[PDB]
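First the structure, in the form of structure tokens, and then the observations on it.
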6 protein chains.
Amino acid sequence: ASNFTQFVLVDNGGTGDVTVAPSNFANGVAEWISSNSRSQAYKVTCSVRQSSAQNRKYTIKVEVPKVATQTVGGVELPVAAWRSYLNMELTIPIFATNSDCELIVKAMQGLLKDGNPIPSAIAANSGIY
Amino acid sequence: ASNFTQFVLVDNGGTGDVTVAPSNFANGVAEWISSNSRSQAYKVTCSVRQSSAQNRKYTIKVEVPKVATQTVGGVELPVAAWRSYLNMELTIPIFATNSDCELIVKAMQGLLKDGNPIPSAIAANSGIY
Amino acid sequence: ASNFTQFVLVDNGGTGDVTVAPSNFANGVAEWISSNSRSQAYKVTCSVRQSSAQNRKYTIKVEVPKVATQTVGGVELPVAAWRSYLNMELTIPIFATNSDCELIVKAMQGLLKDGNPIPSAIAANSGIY
Amino acid sequence: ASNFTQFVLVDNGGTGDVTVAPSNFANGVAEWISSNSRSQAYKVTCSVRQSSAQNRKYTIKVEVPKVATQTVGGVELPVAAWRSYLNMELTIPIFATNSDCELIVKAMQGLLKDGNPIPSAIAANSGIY
Amino acid sequence: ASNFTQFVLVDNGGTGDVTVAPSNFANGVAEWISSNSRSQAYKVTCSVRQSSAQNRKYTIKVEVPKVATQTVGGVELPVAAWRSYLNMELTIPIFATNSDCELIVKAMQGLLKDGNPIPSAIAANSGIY
Amino acid sequence: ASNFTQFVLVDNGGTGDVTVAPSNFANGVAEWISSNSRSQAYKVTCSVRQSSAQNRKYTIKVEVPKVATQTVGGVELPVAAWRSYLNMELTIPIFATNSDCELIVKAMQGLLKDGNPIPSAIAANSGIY
RNA sequence: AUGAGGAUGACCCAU
RNA sequence: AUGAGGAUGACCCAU
RNA sequence: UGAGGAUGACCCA
RNA sequence: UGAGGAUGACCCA
């Protein structure tokens, strides 16, 4: 089941959706980027490895561009001022079955669901209170 | 207001749903745990820090346990066979507006949506190909 | 949600009630103080820590002041003639479920219920006999 | 007259109530134990001493056991899987009158009354937040 | 009386008012920010501590954005050129009663009232003369 | 003009109003005191300095006294039981226009307005919760 | 320069 | 600060 | 650990 | 004294 296909990263109900597509596969690290310059693109990378004898580990990185007052195709410096970096590390014991793993995916989905604490804090430039 | 509220971490259609509640805010680290013995509980922690002069960093951690009943010293104890750990760090520039942050939240949601590449690989115990 | 709120420490019918309110939550130590002169105020502090691999430990402290006025050089100040110090430590293994914890709390409330041995000895400047 | 009597430590309606009864009063230390196996019993001890010239100090201790059966070599014994330990010290100046003492007792009962911050945190395996 | 609620920081008679709302409570330090990027937001933080045996101390910090020629949602450097920092430290002796403290609040209100020397000097980019 | 004028520091409706007047400008520090013995007077000081190449810093200090009559050496002297100290530093960039500065003054006024969070906490001898 | 550093208060301390 | 560094998990390691 | 003291988030064996 | 540990009337600084 080849899963290295393009998908919708940011969904705005069909209109203004951000699609990210396969762009690199060097070293088993899969990469997806949006149709932009690499300085203003949405980037996603993913890889898996046996971190130790007892665990496997997925490393997922996401890069999101600052859009407000952005100049499409322009040179915007400093780079650090225009990009956000998401860095995810998922450690799963080798005993985890397919079912166990489905549960783990759901926990991640639940964590970021709309209206829940964490995503609400992030979207409002806040912390917890 | 107050975003420090309980929420559903694992959704199984209102039955066997893993719901998590606020349990501690000591040292600026917001904590949530499920109704279980501290040894078998799901745990979620969050904290925001001004990592740099121009950055803010969210550090989020989730612990998914595999519940079991061990028999140490010929006695039964509620324990965890093993634990899966999710570790994410999100660095956001201070110049990001609320709408810029909403864009990051949506990207994270789209990333883990059912059927998309990454959650599919994780749930099937495989890599991206 | 939040339990770091104001509450009635001493209940005297509805009036003369001593209420203690949040004042500080620095370094994992929550603190409650009663209104007016800090010098004549009631104080309550609380904290929890993983005392060891299997134990979590609560450290609770209460201070009951003896309100008085100090005159010196014809200058009077609101002070506490003296203070009574309550100091308790509660150790709970990580295997304790919410039910086990509820039982522990009932034990503490029973220990101090009116008419029982200990609260009666204390209330009468006495010991056991 | 005597306050070294039996009393209800844990109140569960009228049945399932945990009663603790006198067992020993050696060396100024009063001790109460619940019926049946000493190994699975609840324990409460109390003592008072002149800690200094101006202070008298009460030292109270409670033990809540986790009842369980231990099997070894096919030989089972009634034991406590683990124990929760309550430990409190109350210091009271010799100037405190019976009224002052009654106030101190109300403070302790208020601190642990249902719904209040501390008994709620404990009952839920939580801290303050 | 939960006082950690939103309030109007800059009042322009209903039209164009700047409201600041709860955004963080890490370490007992309360934080309020306006609905902006954190680089252009109005920020307010407050905390209290026992500075010494004789005093308590409120530390209040306010950050005000430079608005003239501002680009909403834009990246404006250097940060020091676009922000003003207010740093307040209020030391109150433990003997101060609620009344004493009300007087202290009034002194602060009087200090900054319209038409008075200090606020007039500040609003006109002047000193005293 | 000349903004160095007397003003009402504490307003109690034209009766018992603490009014403060110009008393010294030595060393670039504007001083105001109330009509009292220098030992029992309210004191307000202000000074502006070009703290940096691109900053100006206002340093404001207010002293609220608790008046009393001490009897040193068997003689009566007008003195202060204790003093409360307000210490504020305001750093404003040189690029701030007059309208930018008016915005800072309004923020400080809104901050201390009756009924708002901070002045409420201070007047009640509590923290923010 | 920075400190939710301290003060008796136009001073002191740490970096 | 950086690591498709590790973990028993608000900790540890390398640079 | 302490039926160790305390001017109580400190101190002693 | 200790928001020091405990197999809780013991033990550590």
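Structure above, values below:
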read-out: Residues E:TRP32, C:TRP82 arranged by fewest to most Cβ contacts within 10 Å; value: C:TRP82, E:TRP32
read-out: Of F:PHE7, F:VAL29, C:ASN36, farthest towards positive along the dipole that unit charges on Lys, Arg, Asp, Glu beta carbons give the protein assembly as shown; value: F:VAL29
read-out: Calculated FRET value between F:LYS57 and B:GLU102, using beta carbons and R₀ = 45 Å, to 0.05; value: 0.75
read-out: Over chain B: Kirkwood hydrodynamic radius from C-alpha pairwise inverse distances, Å; value: 17.4
read-out: Relative contact order (percent, whole number), region B:1-99, Cα cutoff 8 Å, 6+ residue spacing; value: 18
read-out: Viscosity 1.567 mPa s, 4 °C: Kirkwood-radius Stokes-Einstein D of region D:1-62 over Cα pairs, µm²/s; value: 100
read-out: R0 of 22 Å, Cβ-Cβ distance E:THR71-B:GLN50: FRET efficiency to nearest 0.05; value: 0.45
read-out: Size of electric dipole in the protein assembly as shown: Cβ of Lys, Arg +1 and of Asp, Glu -1, about Cα centre, debye, nearest 20; value: 1640
read-out: Placed amide H near A:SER23: partners under 5 Å, 5+ positions off or other chain; value: A:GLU31, A:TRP32, A:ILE33
read-out: A:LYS66 long-range amide H proximity, modeled H, under 5 Å; value: A:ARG83, A:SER84
read-out: 5 angstrom amide H check on B:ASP17, placed H, neighbours 5+ away; value: B:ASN12
read-out: Proxy reagent accessibility, fewest Cβ within 10 Å first, across E:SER99, A:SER126; value: E:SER99, A:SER126
read-out: Separation between Cα centres of region F:23-56 and region D:58-129, rounded to whole Å; value: 56
read-out: Projected label distance in nm at F:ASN12 and E:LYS113, using a 7 Å step from Cα toward the beta-carbon; value: 1.4
read-out: Two-site FRET efficiency, B:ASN87 against E:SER2, from Cβ-Cβ distance with R₀ of 51 Å, rounded to 0.05; value: 0.90
read-out: Identity and axial distance of the chain D residue whose Cβ lies nearest the axis relating D to F, Å; value: D:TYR129, 7
read-out: Rounded to 10°, Cα long-axis angle of helix E:98-111 versus longest principal axis of chain E; value: 30
read-out: Teacher prompt: B:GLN50 distances to equivalent labels in other copies, 7 Å Cα→Cβ, nm; value: 2.8, 2.8, 3.0, 4.7, 5.7
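Using ideal geometry, Cβ is built from the backbone for each residue, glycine included, and neighbour counts are taken over all protein chains shown. Here, each number is a calculation from the coordinates, and none is a lab measurement.
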